[PDB]
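Chains as they are written, first to last, in my numbering: chain A, 8 to 358; chain B, 8 to 358; chain C, -10 to 341.
Note that the Cβ used here is the ideal one computed from N, Cα and C, for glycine as well.
First up is the structure itself, then whatever we jot down about it.
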Ligand code: FES
Ligand code: FES
Ligand code: FES
Ligand SMILES: [Fe+3]
Ligand SMILES: [Fe+3]
């Protein structure tokens, strides 16, 4: 039992912000060294961060326009990862001098990566388009690395009861979310779950922008898991009105991307519907969001991972309850999908 | 191989001092996460530091009178480790929401713990009662953690020749202990070993309280090993008299408690017979004792462990000698006891 | 890999002569073995398994007693031959079994060479790097670097010196001129040689100030030769005006490695310069600025590579080998062939 992830699907490799034109970005993804850089025309490129000569990482190399020269013996490679120049001996450039390229897709303020040996299926990139709609200082992205298996983070985000007791002022729901039985639906595309409640005051994240900050407000959490590790939490607070349409609301995306078995690249994006222009505040939010996850959620999930050791979640006979229905359905669906994928790996080997 | 310790015996889990009423003490014991806390009435309680919901440690949780709520999703548990409250959904609390409780015994200024699945046998807690007798500022406890297998520490304490060459002024025996062949007895309860000698000056630990500090003094080391890792070193210096009865003496307990294979919780307790009242000195002793073990014994035993690697002591064909008779008898008895225990486990599995 | 195999019947550099300070008890891990070294009264260096056979305490931690070592635990003493000279316990009788295994040493070229194999030593096999031992003693100097890599990655670097164009900064940079040169390489029964010649402007900083015109162009030569198990004897220098390299501001180096285990390596270097031979004030300033170049510029790439390679055997990963990789392959293969040939006549002398 060496670890198995879904291969076919689109994982978030990096925030759009993390590749600064000239910069040679490197990151480990599904246990693979990956280099990224942009070209002249902004076009992002992903390669195996590994020169095929003596296996030196390429990110350590020097950039040469839209080509990378490896820092060891200076073989250059183009964006397609064929060798453009050998400066040794006769000069002849071996057919074998190729870096494998990773199909990228730059939507929702992230670089999505296709790791599998097959051709990409841009179809499978799920539709989180509302992030791309509206004044650009409402949408913002943060990254957190955590030394845990990805499915522990998903499980946290799918069981939002935790917010009552885990989290401090910034988003605390004050014991009110826990008692609510959520409406959960399995579908062919996604797995949804909706919590509704009310508290006093409203969650600090929304309260100041409400009609009466101090006073009570109805809240809604609609989430949906999509393969391999994406969850699109929509949240907000209405006062007075029954129609949630007026709510001081928000479109979030929690996505994970495993580094290996027990490390995980955890990306978050908000897009708020309130004071949409103010980038001075947008930074102050997304910083105070990252804070909440990294400082309050981070340590519990990591603590759990340590107490769990390497042993598979269900193997430890967890005492599952009212609030664990959604996060199980996920783990099982993902499990079923992984086996189904391994099947039609050996069946696409035939066909 | 996982290593094998004796179950169905009392290991020291913590000094009585280490559990401060309100405090949620945590410690790893025989490769098990263990929480301890006191109740209103002082009563110490031991539980598997692991909420059975999602395997969050409970020590991280918030305390609620004589109950602990897990900091993740706030399931509460009583001292018996049955769940007293689920704040989610309908509210129903599964029978299955149980943390395993560890029988404790608070004698000799330690919390003794019974790790095995069976009912405790307080019979087996050996009788170190003289610690509990007398003015409370003669008795004192210290703890040292060392990154070694427990049987390496026992072996050190059973072969006290080492004090001649290992230790500095505080307790040095000046080459006089080494040449003595000790009287050793294997017994049904214990394994005893007695060194007698004389040196000049007396061991610094006793010398000032003797008739003539500078002058020679007869010394005695009576030790007895009891299962699983307890050694009850009695020591002292007489001058003039033949009868050791007058000696500036002391009742020590070396006990170990493995964290896992190659880590060990090493607890020590002195109880001196001299200037029994003076707690100002008692601290100055037990500090200068810990010093000697941690700074002089500590580094050799840890160095050895590294040089030994993972390989079983006897497997390395050690060149055993005059002074290694006691520490072998121990290792063998403990080995025999462990196998004998595993036998009647597999034979009560049949019968 | 878990069947990590080195050549046994050969001389590895255990330590720089400088690293054993008479009284001092030097310790070092060599071919996965704890090893103690110390000198005697008469300077004579001694190597032992750093491990008291009583309770397996390391001996280096012990206290020294003239030309004997007492183990710090229970004070069994041992002579330079590693037989026990004294038991201070019980009756006093010293068991035949109380022995430390001794490692044959050879103190040449400013290093302590060690013979790890169970056989008797063959001083024959210690290759001849004698020019280090010749000349004013402030031209010769030694440095040590530890790197968290398999030894054959370091050898491979030193045998493919093209890297100096792009890897290294000012102190030795060859400015893109070395790479295009196809070197003359020869396999031989003793060694594997390889010679690069070229010219650049300025000359390599290491030589330029001592040349006729520092700023002006100079012909350079790199003659190297690999000898088993991990020794490479890099000769380098710069001539101006003359065709005859005989006049060159030159140098005799030795790169040698000595594996700690699979993926750690003791890397020793010795220069011996032919210029301003007396000035020890400068000699230190050179050998420091040499160590710098290897540790700070070479070190991080070779370690980075090792990480990217993981544990997997070099050739197994299908490396894209080229004009400049001919020498470093011939080496790896020769060393490989030698190791198997050695293991063969071990299992065949086990039979007959
Ligand atoms: S490995 Fe990059 S060119 Fe040598
Ligand atoms: S994990 Fe124990 S509170 Fe849910
Ligand atoms: S272990 Fe070396 S003297 Fe006891
Ligand atoms: Fe001691
Ligand atoms: Fe180099």
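Contact list for residue i against chain A, beta-carbon separation under 8 Å
i, result
"residue 176 (chain C)", "Residues of chain A passing the Cβ test: none, with the nearest at roughly 18 Å."
"residue 308 (chain C)", "59, 60, 61 and 62"
Chain-ordered neighbours of residue i on chain E, where CB pairs are closer than 8 Å
i, result
"residue 79 (chain B)", "Here the protein chains are A, B and C, and chain E is not one of them."
Chain-ordered neighbours of residue i on chain B, where CB pairs are closer than 7 Å
i, result
"residue 50 (chain C)", "307 and 310"
"residue 23 (chain C)", "314"
8 Å contact criterion, which residue i and residue j should meet: CB distance rounded
i, j, result
"residue 264 (chain A)", "residue 236 (chain A)", "7 Å"
"residue 332 (chain A)", "residue 191 (chain A)", "5 Å"
"residue 55 (chain A)", "residue 107 (chain A)", "5 Å"
"residue 273 (chain A)", "residue 151 (chain A)", "5 Å"
"residue 239 (chain A)", "residue 117 (chain A)", "13 Å between Cβ atoms; not a contact."
"residue 169 (chain B)", "residue 299 (chain B)", "That pair is no contact at about 12 Å."
"residue 121 (chain C)", "residue 98 (chain C)", "5 Å"
"residue 89 (chain A)", "residue 99 (chain A)", "About 14 Å; that fails the 8 Å criterion."
"residue 215 (chain C)", "residue 102 (chain C)", "Between residue 102 (chain C) and residue 215 (chain C) the Cβ distance is about 17 Å, and since that is not below 8 Å, they are no contact."
"residue 226 (chain B)", "residue 204 (chain B)", "6 Å"
heavy atom of ligand 7 below 7 Å from residue i C-beta
i, result
"residue 38 (chain C)", "Among the ligands present in this structure, namely ligand 1, ligand 2, ligand 3, ligand 4 and ligand 5, ligand 7 is not found."
Exercise. Taking a Cβ distance cut-off of 7 Å, strictly less, list which residues of the segment 132 to 165 of chain C are near chain B, in chain order.
Key: Taking a C-beta cut-off of 7 Å against chain B, none of the residues of the segment 132 to 165 of chain C qualify.
Quiz item: Going along the chain, which residues of the segment 184 to 209 of chain B sit with their C-beta nearer than 7 Å to a C-beta in chain C?
Solution: From the segment 184 to 209 of chain B, only 185, 186 and 188 have a Cβ closer than 7 Å to chain C.
Quiz item: Going along the chain, which residues of the segment 251 to 285 of chain B sit with their C-beta nearer than 8 Å to a C-beta in chain A?
Solution: Sequence-ordered contacts of the segment 251 to 285 of chain B with chain A are nonexistent [C-beta pairs closer than 8 Å].
Exercise. Compile a chain-ordered list of the residues in the segment 92 to 110 of chain B whose CB is closer than 7 Å to at least one CB of chain A.
Key: Cβ contacts with chain A: 93, 94, 95, 96, 97, 101, 103 and 104.
Self-check item: Chain-ordered residues, beta carbon under 6 Å from a heavy atom of ligand 2
Solution: Having a Cβ closer than 6 Å to some heavy atom of ligand 2 are B:58, B:60, B:61, B:63, B:77, B:79, B:80, B:81 and B:82.
Practice problem: Return the residues of the segment 302 to 332 of chain C that lie within a Cβ-Cβ distance of less than 7 Å from chain A, sorted by chain order. | Solution: Cβ contacts with chain A come from 306, 308, 309, 311, 312 and 313.
Exercise. Please list the segments of the alpha helix (DSSP H) lying wholly inside the segment 202 to 227 of chain C, counting only runs of 4 or more residues, in order along the chain.
Key: Complete alpha helix (DSSP H) runs here, min 4: none at all.
Practice problem: Let me know the beta strand (DSSP E) ranges lying completely inside the segment 120 to 167 of chain B, each 3 residues or longer, listed in chain order. | Solution: Qualifying beta strand (DSSP E) stretches, in chain order: 146 to 153.
Practice problem: Please specify which runs of the beta strand (DSSP E), each continuous and at least 3 residues long, are wholly inside the segment 39 to 79 of chain C, giving them in chain order. | Solution: As far as the segment 39 to 79 of chain C is concerned, its whole beta strand (DSSP E) runs of at least 3 residues are 52 to 54, 57 to 59 and 73 to 75.
Quiz item: What alpha helix (DSSP H) runs, 4 residues minimum, are completely inside the segment 274 to 320 of chain B?
Solution: Annotation: the segment 274 to 320 of chain B contains the following complete segments of the alpha helix (DSSP H) (minimum length 4 residues), in chain order: 286 to 298 and 305 to 315.
Quiz item: Considering only residues of the segment 178 to 226 of chain B, which uninterrupted beta strand (DSSP E) runs meet the minimum length of 3 residues and lie entirely inside it, listed in chain order?
Solution: Fully contained in the segment 178 to 226 of chain B are the following beta strand (DSSP E) runs of length 3 or more, in chain order: 190 to 193 and 198 to 206.
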